[PDB]
Protein chains: 2
Amino acid sequence: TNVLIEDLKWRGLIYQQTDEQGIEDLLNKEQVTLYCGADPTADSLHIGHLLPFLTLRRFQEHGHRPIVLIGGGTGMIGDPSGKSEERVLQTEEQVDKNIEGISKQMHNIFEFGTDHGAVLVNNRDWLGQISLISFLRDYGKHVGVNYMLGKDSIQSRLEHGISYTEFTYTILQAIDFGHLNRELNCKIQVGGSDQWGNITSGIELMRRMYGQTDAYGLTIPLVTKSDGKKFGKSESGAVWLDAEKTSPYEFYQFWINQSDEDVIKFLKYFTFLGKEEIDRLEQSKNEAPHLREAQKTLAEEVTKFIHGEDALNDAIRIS
Amino acid sequence: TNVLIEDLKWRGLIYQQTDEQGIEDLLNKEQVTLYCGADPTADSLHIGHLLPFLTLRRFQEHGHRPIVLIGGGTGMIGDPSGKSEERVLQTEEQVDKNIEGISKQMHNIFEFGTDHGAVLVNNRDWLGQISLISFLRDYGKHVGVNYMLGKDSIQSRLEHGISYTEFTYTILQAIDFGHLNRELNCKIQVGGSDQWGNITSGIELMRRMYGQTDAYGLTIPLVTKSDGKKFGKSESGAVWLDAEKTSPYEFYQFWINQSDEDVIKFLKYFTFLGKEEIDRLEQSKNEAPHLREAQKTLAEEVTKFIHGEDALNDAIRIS
Ligand SMILES: N[C@@H](Cc1ccc(O)cc1)C(=O)N[C@H](C(=O)O)[C@H]1[C@H](O)[C@]2(O)CO[C@@H]([C@@H]2O)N1O
Ligand SMILES: N[C@@H](Cc1ccc(O)cc1)C(=O)N[C@H](C(=O)O)[C@H]1[C@H](O)[C@]2(O)CO[C@@H]([C@@H]2O)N1O
């Protein structure tokens, strides 16, 4: 037992683990409960997010359980991570509308409603409780200011000027990890490299809150093209996984025009085919490019999956 | 939590539970590990078996784990259950060939090769160890002769004359239950009504072997048509799930010619559609029979699934 880790590794979906070995350990020992999430900073997800929720779906394959945290509370605050300009609070309505779009999608990428598997939690439910006073006492007490300015996210912002709220974002997100880690048994939290800071902070908090009751954080790498261009972007902004923001057709082509070079990779990252199916699918590319089979079965997969069998046919027929 | 049981019940797939309530209990409490199996008394499964392996697949839906016991050891002996004429030992080669066919199929109905989910065990592995002496001592000691003549299977045979071997079949099968119940954690064993006897005996043995370390047996009902005819049979014997014994086409039609009456039922039993999808699919039948939509989406499902998307198209095109 170590196949799952064997492939994540093969495909190149592991940019960093907190405890490389220990992760390997429980993953070959007990059926883990891992989660991931997004703040509804919009009403549609987008190729950018498609990667790690897939990685979550690749776990569920082998027996594990994923959980999906929509940004019900941290949404309204905004994660300064990466950013280099303070955020802009959305309106309660907007967020309440945004999470209807963002969730509307997950509910298709995942099968919610089972007796034991995949839960869609809304951190609005617990973060909505904790008060000003409590917060400081119970959690604040154990969050050193010297660790926070440590965060590679904020370090930056600190320079331009970081508001308090972006600054206390990390404590809210850390609170979540522990809460699931306690409430549902979350031991691994998977997220993008833009999430290292936060991932690592959630695990430290519970270390002095109870002595990290067995938590680990994994990070999927970052999608990178060969044309040197901000993957995910189009004059049509970024490829939204919503049919009326980015349609099966526009979707389709995106994948169909995948610069031959950065192809097999994207096959590995985004498609549920084997190393053998891909391997074959690599020859077909290495010496019969006219047929453009790789770049074709890619798009086929991602479009049928994300959009539909029907919306694949409906799409393919526009060349 | 109680949806899975909620539907099994809805569809009518529960002919009997050993401990009705307790089953409900652990199924709403912990992720169970249930199994089922067949002796390779042939080289192809058949509609008859398609039902309970589906039921096993309906568990895996909600989080549970199935296991598949091919008849590697009990195969060679034959389960007199139901039968009313002693068996006929197969040849080691035959069984060794038969289990290549029988397994060749499961490996498509189930996804083996994961880190935590679905295992294909071969009881040849443990039953091949136990000797004449051991057997009597360790297990035989705790199997009363008065319980065995109790078995509704043999009771019958007893009348025509039941050889010792058919008679000791039940002890071999009971041995299995406990072994998984101990080896892998098997708590529920699902099987046809022709398997009550055996199901119930496996649980009794471990009751005096250690005090039934938490075991239960469930039984799927029996497929029954409205035309009053031995479901599963055709002049082409019985509908073998093998393409070269019973092909996508011959397969297809079978389902397509499903006597309108015993339809929705078969939709429930054999298809992964909702109560809503079916409900709609029941109207379409109740008042627009010309279209024959029910009997059509049925066959469609079962054929694509069992045989292939491709072998569905390939099939549908023969009307
Ligand atoms: N502050 C986090 C959100 C969060 C909210 C609650 C938690 O309990 C833990 C984390 C973040 O940055 N997430 C992104 C988002 O949209 O909210 C998404 C990004 O958009 C992704 O592309 C999708 O998943 C990763 C990856 O960076 N990430 O979580
Ligand atoms: N003695 C059992 C086999 C067995 C072998 C090992 C075990 O550990 C427990 C049971 C039996 O009768 N099984 C059938 C078979 O072909 O072997 C199958 C039947 O053929 C089915 O149609 C398929 O599953 C059920 C149902 O009656 N059943 O187990």
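Each answer follows from the model by the rule given with it, or from the source it names; these are not laboratory values. Backbone-built Cβ (ideal geometry, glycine too); neighbour counts: all protein chains shown.
A few notes on this one:
- A:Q60 vs. criteria in contact with a strand residue (DSSP E or B) (Cβ under 9 Å, 6 or more places away or on another chain) and either in contact (Cβ under 8 Å) with a residue 40 or more places away in the chain or closer than 26 Å to A:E166 by Cβ (or both): yes
- Selection within the range B:84-125 - in contact with a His (Cβ under 8 Å, 6 or more places away or on another chain) and closer than 29 Å to A:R65 by Cβ: B:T114, B:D115, B:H116, B:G117, B:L120
- Among the conditions (1) away from chain B (no Cβ under 14 Å); (2) charged (D, E, K, R); (3) in contact (Cβ under 8 Å) with a residue 40 or more places away in the chain, A:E92 misses just one, which is (3).
- Residue-level check: of (1) buried (at least 20 other Cβ atoms within 10 Å of the Cβ); (2) more than 14 Å from chain A (Cβ to nearest Cβ), B:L34 misses just (2).
- Annotation: A:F251 fulfils all but one of (1) crowded, with 18+ Cβ neighbours inside 10 Å; (2) within 15 Å of ligand 1 (Cβ to nearest atom); the unmet one is (2).
- Candidate set: the range A:4-28, residues that are among the charged types (D, E, K, R) and touching a residue at least 12 places away in the same chain (Cβ under 8 Å); chosen: the one surrounded by the most Cβ atoms within 10 Å (Cβ to Cβ): A:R11
Here is a yes/no grid of residues against (1) surrounded by fewer than 17 Cβ atoms within 10 Å (Cβ to Cβ); (2) within 14 Å of another protein chain (Cβ to nearest Cβ); (3) within 16 Å of ligand 1 (Cβ to nearest atom); (4) over 30 Å from A:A299 (Cα atoms):
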{"site": "A:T200", "(1), (2), (3), (4)": "no, no, yes, yes"}
{"site": "A:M206", "(1), (2), (3), (4)": "no, no, yes, yes"}
{"site": "A:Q212", "(1), (2), (3), (4)": "no, no, no, yes"}
{"site": "A:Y216", "(1), (2), (3), (4)": "no, no, yes, yes"}
{"site": "A:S259", "(1), (2), (3), (4)": "yes, no, no, no"}
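- Subset of the range B:122-146 [in contact with a helix residue (DSSP H, G or I) (Cβ under 7 Å, 6 or more places away or on another chain) and hydrophobic (A, V, I, L, M, F, W, C)]: B:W126, B:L127, B:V143
- Once the range B:102-117 is narrowed to residues that are in contact with a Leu (Cβ under 8 Å, 6 or more places away or on another chain) and within 8 Å of chain A (Cβ to nearest Cβ), the residue that is farthest from B:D39 (Cα to Cα) is B:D115.
- The test for being in the same structural domain as B:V239 (by CATH), of a type outside the set (V, I, T) and either buried (at least 17 other Cβ atoms within 10 Å of the Cβ) or in contact with a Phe, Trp or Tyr (Cβ under 6 Å, 6 or more places away or on another chain) (or both) does not hold for B:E309.
- Condition check for B:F59: within 14 Å of chain A (Cβ to nearest Cβ) and aromatic (F, W, Y): yes
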